[PDB]
Number of protein chains: 4
Amino acid sequence: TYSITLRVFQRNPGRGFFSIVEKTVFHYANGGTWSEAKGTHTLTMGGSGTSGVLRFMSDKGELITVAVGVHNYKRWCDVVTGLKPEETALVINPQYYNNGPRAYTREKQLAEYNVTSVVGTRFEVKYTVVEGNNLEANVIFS
Amino acid sequence: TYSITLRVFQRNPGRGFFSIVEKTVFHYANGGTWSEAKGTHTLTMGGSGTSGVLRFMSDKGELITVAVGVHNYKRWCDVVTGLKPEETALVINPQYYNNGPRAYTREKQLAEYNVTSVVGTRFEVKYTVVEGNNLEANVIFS
Amino acid sequence: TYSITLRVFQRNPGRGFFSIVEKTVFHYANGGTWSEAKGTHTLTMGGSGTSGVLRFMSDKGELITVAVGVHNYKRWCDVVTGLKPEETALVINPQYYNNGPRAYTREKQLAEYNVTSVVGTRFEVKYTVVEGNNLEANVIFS
Amino acid sequence: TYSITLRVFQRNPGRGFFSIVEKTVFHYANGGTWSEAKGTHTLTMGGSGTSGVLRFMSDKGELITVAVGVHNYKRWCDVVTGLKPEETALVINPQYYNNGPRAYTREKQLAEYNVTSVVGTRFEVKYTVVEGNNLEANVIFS
Ligand SMILES: CC(=O)N[C@@H]1[C@@H](O)[C@@H](O)[C@@H](CO)O[C@@H]1O
Ligand SMILES: CC(=O)N[C@@H]1[C@@H](O)[C@@H](O)[C@@H](CO)O[C@@H]1O
Ligand SMILES: CC(=O)N[C@@H]1[C@@H](O)[C@@H](O)[C@@H](CO)O[C@@H]1O
Ligand SMILES: CC(=O)N[C@@H]1[C@@H](O)[C@@H](O)[C@@H](CO)O[C@@H]1O
Ligand SMILES: CC(=O)N[C@@H]1[C@@H](O)[C@H](O)[C@@H](CO)O[C@@H]1O
Ligand SMILES: CC(=O)N[C@@H]1[C@@H](O)[C@H](O)[C@@H](CO)O[C@@H]1O
Ligand SMILES: CC(=O)N[C@@H]1[C@@H](O)[C@H](O)[C@@H](CO)O[C@@H]1O
Ligand SMILES: CC(=O)N[C@@H]1[C@@H](O)[C@H](O)[C@@H](CO)O[C@@H]1O
């Protein structure tokens, strides 16, 4: 099994406050499950080769997704911003597979990624434990 | 908009205790979002014609999904039991659409549904507010 | 240290639906902390001789407290029903100590307790692991 | 009635990550209740003259309390850091009343407060809606 445990940091009240509105798990590698403990979020997966997505909405209406997973035994991540209401995590998660338009990002096996949305919100995913089967990352909104 | 607010009742400790492991929203009708308040769960959707799925796992390992949505201005529900780890909510939710194998169940526009899993767990979804745009249902595990 | 992990089973929609409105920890035995994981609640305490209280409110306005702790190396529990709004958990938890009016109930060291309230709600606390330092109980509203 | 709604912003992973371990409500003004919605925390109180406390613990072991309430129709707040395990919120909340050692801080009726702890964690409470019965504040750990 692989697990990825996420801690969500929110830095700047001027951007609003984000909460989870959707959590998906892709079906490869015997799937997996999201759980919550002590304010953190863990994605537990049946092996290497799958992922999950958290979609967040701010109290100012902004929609963004955070994807994390393991590809060929190495962690990966992505953040997609500027989403329309119909672009749910259910739409987004599969786009990393089956030659979809986000596969290239999974293939990078990134330990960190940064993006600013068009409306000016900074997002970062930074793995703090980057190797092995019990991975850890901070997700930072600013 | 349509909303469906769910209250989860668990009746029988002998079946174990269930918690949410995934929440999806289908992309029709401008999508929608899950939220939590006072121990309840609300799916807020952009109009009639979409749905969302909660997947639950018990502390005894059982996996089941609960689907709720609105089809042609009437509520619907379903429960799928006996799921394998790879049959995530991300797999299940789309199966109600595009002539998928669960579409017939959405088309029934049920205000209640009952099923017992092969391992003996009873599940019921029962709408308590069955008309209008602010729907309410109890989800009962036993 | 001692821990008590609680699973809350709400059986009967006719009583309405309860959510937590307060959680206290008494200061003996070097105190302790409440945490949440996978829909459960754990009180971790620094030794034998302290306790914590969860207060619940139903969406029909009913207020009740559940107390759990360890007294002379044995678990105890209590449920107080029919509470007024001014009777917060902060009021109730100390009443088990300093020769307060609920001390006798702590002293019973009960592994199960059943009480039905003035509005008809049935409450049960039943420990499923009743000995040792890693205690487990079901809290059932019916 | 008065309500205070809190949004918790954790800015700095270097301080570790905090989660709630206790929530108390003082018994004046007919008491009150904590609730959670969309990742936020609301204390609802029966009138002016009471308060509640959230205690937080970081995954590095740090214990701190945030107190919020209404005194003579004006909001107040306080943050206490460097707490010992025996100094539970149940100990701290009453210290603002009955001529206790923190009463002066309540009496200040602060709309903002900044304190940095012995281990270097910066805390700020800042009310964003500072008048009326529907109060709002950001709680920032940095
Ligand atoms: C071992 C491993 O991670 N295998 C994965 C496989 O499961 C699938 O995700 C594929 C997608 O292009 O990428 C890899 O081959
Ligand atoms: C108005 C309405 O609910 N329309 C829906 C549409 O959105 C889609 O879900 C379709 C699937 O067969 O079922 C209906 O036509
Ligand atoms: C060892 C042990 O549990 N000691 C406790 C002590 O901590 C205190 O709670 C007292 C209350 O009357 O009951 C016992 O003596
Ligand atoms: C109206 C009002 O806020 N009254 C309060 C009262 O309830 C109590 O908290 C007291 C503490 O010294 O401070 C004020 O007098
Ligand atoms: C502005 C923005 O959010 N762009 C995203 C980018 O972050 C992401 O890596 C890519 C692949 O999923 O899709 C979009 O280009
Ligand atoms: C035993 C079991 O869970 N059967 C489910 C049924 O409940 C559901 O309505 C149907 C359509 O989704 O799929 C399966 O037949
Ligand atoms: C009806 C009711 O809630 N009675 C409670 C009882 O359960 C509790 O054990 C006792 C001591 O705390 O106080 C009250 O008698
Ligand atoms: C370093 C620290 O946490 N000091 C606190 C201060 O913040 C608080 O206002 C006061 C009254 O409660 O108690 C302590 O002096």
# chains A, B, ... in the order shown; residues from 1 in each chain; ligands from 1

$ residues_near_ligand --ligand "ligand 2" --cutoff "6 Å" --atoms "only C-alpha atoms and all ligand atoms" --output "number ranges by chain"
B: 28-29, 48-50, 71-73, 97

$ closest_atom_pairs --of "chain C" --to "ligand 7" --cutoff "9 Å" --atoms "only C-alpha atoms and all ligand atoms" --output "tab-separated table"
residue	atom	partner	partner_atom_place_in_ligand_line	distance
C:64	CA	ligand 7	3 (O)	7.7
C:65	CA	ligand 7	3 (O)	8.7
C:67	CA	ligand 7	12 (O)	8.9
C:77	CA	ligand 7	9 (O)	8.7
C:78	CA	ligand 7	9 (O)	5.4
C:79	CA	ligand 7	7 (O)	4.9
C:80	CA	ligand 7	3 (O)	3.9
C:81	CA	ligand 7	3 (O)	3.5
C:82	CA	ligand 7	3 (O)	6.0
C:83	CA	ligand 7	3 (O)	8.0
C:92	CA	ligand 7	12 (O)	8.3
C:95	CA	ligand 7	12 (O)	8.1
C:96	CA	ligand 7	12 (O)	7.7
C:101	CA	ligand 7	11 (C)	7.3
C:102	CA	ligand 7	12 (O)	4.6
C:103	CA	ligand 7	12 (O)	7.9
C:104	CA	ligand 7	11 (C)	7.8
C:105	CA	ligand 7	11 (C)	5.8
C:106	CA	ligand 7	12 (O)	8.5
C:113	CA	ligand 7	7 (O)	8.3
C:114	CA	ligand 7	7 (O)	7.7
C:115	CA	ligand 7	7 (O)	5.6
C:116	CA	ligand 7	1 (C)	6.3
C:117	CA	ligand 7	1 (C)	5.2
C:118	CA	ligand 7	1 (C)	6.8

$ interface_residues --of "chain D" --to "chain C" --cutoff "12 Å" --atoms "only C-alpha atoms" --output "PyMOL selection string"
chain D and resi 18-37+41-47+50-59+61+63+83-94

$ select_by_dssp --residues "chain C" --states "helix (DSSP H, G or I)" --output "number ranges by chain"
C: 13-15, 89-96, 103-107

$ write_last_selection --atoms "N, CA and C atoms" --output "compact mmCIF listing (two decimals), in the first residue's frame"
# COMPACT_ATOMS: atom_id res chain seq x y z
N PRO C 13 -34.46 8.07 13.72
CA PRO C 13 -34.71 9.43 13.22
C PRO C 13 -35.84 10.16 13.95
N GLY C 14 -36.72 9.41 14.61
CA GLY C 14 -37.81 10.03 15.33
C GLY C 14 -37.35 10.90 16.49
N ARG C 15 -36.13 10.68 16.96
CA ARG C 15 -35.57 11.51 18.04
C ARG C 15 -34.88 12.74 17.50
N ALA C 89 -21.35 21.54 29.41
CA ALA C 89 -20.43 20.50 29.85
C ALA C 89 -19.41 21.04 30.84
N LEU C 90 -19.07 22.31 30.70
CA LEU C 90 -18.14 22.95 31.62
C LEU C 90 -18.72 22.96 33.05
N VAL C 91 -20.05 23.06 33.17
CA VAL C 91 -20.72 22.90 34.47
C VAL C 91 -20.75 21.44 34.93
N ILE C 92 -21.09 20.55 34.02
CA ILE C 92 -21.32 19.16 34.38
C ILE C 92 -20.03 18.40 34.75
N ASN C 93 -18.96 18.56 33.98
CA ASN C 93 -17.78 17.71 34.19
C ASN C 93 -17.23 17.81 35.62
N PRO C 94 -17.14 19.01 36.20
CA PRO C 94 -16.61 19.09 37.58
C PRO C 94 -17.52 18.49 38.65
N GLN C 95 -18.79 18.30 38.33
CA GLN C 95 -19.75 17.77 39.30
C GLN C 95 -19.47 16.31 39.68
N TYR C 96 -18.58 15.64 38.94
CA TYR C 96 -18.14 14.29 39.29
C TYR C 96 -17.02 14.27 40.33
N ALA C 103 -20.48 12.51 41.85
CA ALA C 103 -19.31 11.70 42.18
C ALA C 103 -19.68 10.23 42.36
N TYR C 104 -20.82 9.96 42.99
CA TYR C 104 -21.25 8.58 43.22
C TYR C 104 -21.34 7.79 41.91
N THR C 105 -21.73 8.45 40.83
CA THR C 105 -21.89 7.78 39.55
C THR C 105 -20.53 7.39 38.97
N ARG C 106 -19.55 8.28 39.09
CA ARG C 106 -18.18 7.92 38.70
C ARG C 106 -17.68 6.73 39.52
N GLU C 107 -17.99 6.75 40.81
CA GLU C 107 -17.49 5.74 41.74
C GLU C 107 -18.03 4.35 41.42

$ residues_around --residues "residue D:126" --least-positions-apart "6" --cutoff "9 Å" --atoms "only C-alpha atoms" --output "number ranges by chain"
D: 77, 110-114, 136-140

$ write_last_selection --atoms "N, CA, C and O atoms" --output "compact mmCIF listing (two decimals), in the first residue's frame"
# COMPACT_ATOMS: atom_id res chain seq x y z
N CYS D 77 -11.69 38.80 23.12
CA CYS D 77 -10.91 37.61 22.79
C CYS D 77 -9.65 37.55 23.62
O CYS D 77 -9.23 38.54 24.22
N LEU D 110 -11.41 43.35 23.45
CA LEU D 110 -10.56 43.50 22.28
C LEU D 110 -11.16 42.95 21.01
O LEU D 110 -11.71 41.84 21.01
N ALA D 111 -10.98 43.69 19.93
CA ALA D 111 -11.35 43.25 18.60
C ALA D 111 -10.18 42.59 17.87
O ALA D 111 -10.37 42.02 16.81
N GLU D 112 -8.98 42.68 18.42
CA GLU D 112 -7.80 41.99 17.88
C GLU D 112 -6.84 41.74 19.03
O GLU D 112 -6.81 42.51 20.00
N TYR D 113 -6.09 40.66 18.93
CA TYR D 113 -5.09 40.33 19.93
C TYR D 113 -3.98 39.51 19.29
O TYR D 113 -4.27 38.61 18.49
N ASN D 114 -2.74 39.83 19.62
CA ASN D 114 -1.55 39.18 19.08
C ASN D 114 -0.61 38.77 20.19
O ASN D 114 -0.23 39.59 21.05
N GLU D 136 -17.68 37.93 13.54
CA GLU D 136 -16.84 37.06 12.72
C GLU D 136 -15.39 37.37 13.03
O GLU D 136 -15.03 38.54 13.17
N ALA D 137 -14.56 36.33 13.14
CA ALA D 137 -13.15 36.55 13.38
C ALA D 137 -12.30 35.51 12.69
O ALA D 137 -12.72 34.35 12.48
N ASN D 138 -11.10 35.94 12.34
CA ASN D 138 -10.05 35.06 11.86
C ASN D 138 -9.10 34.74 12.99
O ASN D 138 -8.73 35.61 13.80
N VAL D 139 -8.75 33.47 13.10
CA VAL D 139 -7.78 33.02 14.08
C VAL D 139 -6.58 32.55 13.27
O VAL D 139 -6.71 31.64 12.44
N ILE D 140 -5.42 33.18 13.45
CA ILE D 140 -4.27 32.95 12.59
C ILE D 140 -3.11 32.43 13.40
O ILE D 140 -2.72 33.05 14.40

$ closest_residue --among "D:100, D:16, D:120, D:132" --to "ligand 4" --atoms "only C-alpha atoms and all ligand atoms"
D:100

$ atom_distance --atom1 "atom 9 (O, counted along the ligand's line) of ligand 4" --atom2 "atom CA of residue D:70"
8.0 Å

$ select_by_dssp --residues "stretch 27-137 of chain C" --states "strand (DSSP E or B)" --output "count of residues only"
53

$ atom_distance --atom1 "atom CA of residue B:129" --atom2 "atom CA of residue B:62"
28.9 Å

$ atom_distance --atom1 "atom CA of residue C:122" --atom2 "atom CA of residue C:142"
4.8 Å
